[PDB]
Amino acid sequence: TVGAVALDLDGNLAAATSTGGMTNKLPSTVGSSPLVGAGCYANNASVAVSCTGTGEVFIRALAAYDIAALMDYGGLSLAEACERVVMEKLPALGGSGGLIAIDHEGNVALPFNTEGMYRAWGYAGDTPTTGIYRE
């Protein structure tokens, strides 16, 4: 799985997620990647999310939308919402993985409960950050 989220100079949020699924997966199975609210969600009023990891869990937990709902209705911050989904609710369903989230106020979060997540972020006109391992 691969993913991009962005906030543009106009205040637009957008998200995209693409994958070839899981190594050795049963053909005609569908993980979170092509499912709005599971592996991809964007809303200018809330957040843009791309997800990666156990698809059945990301679907069952509606991970991408749940970030948006925890913030919009729960009054969690992005950081709080990403912690609660990735570190608590995915494992509780037997799930592992991570996501990338940007809210409408430009906050960025790249949580994962896995050994690594190939990841990168950067503000416009500024030096990008890259990561593979934890921290």
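Throughout, we count residues from 1 along the sequence that is shown.
The deposited model assigns a higher average Cα B-factor to 75 to 83 than to the other stretch when 75 to 83 and 28 to 36 are compared. When the two stretches 97 to 105 and 37 to 45 are set side by side, the higher mean Cα temperature factor goes to 97 to 105. Across the residues 116, 111, 122, 20, the deposited record lists the maximum Cα B factor for 122. The residue among 51, 68, 59, 90 whose C-alpha carries the highest B-factor in the deposited model is 90.
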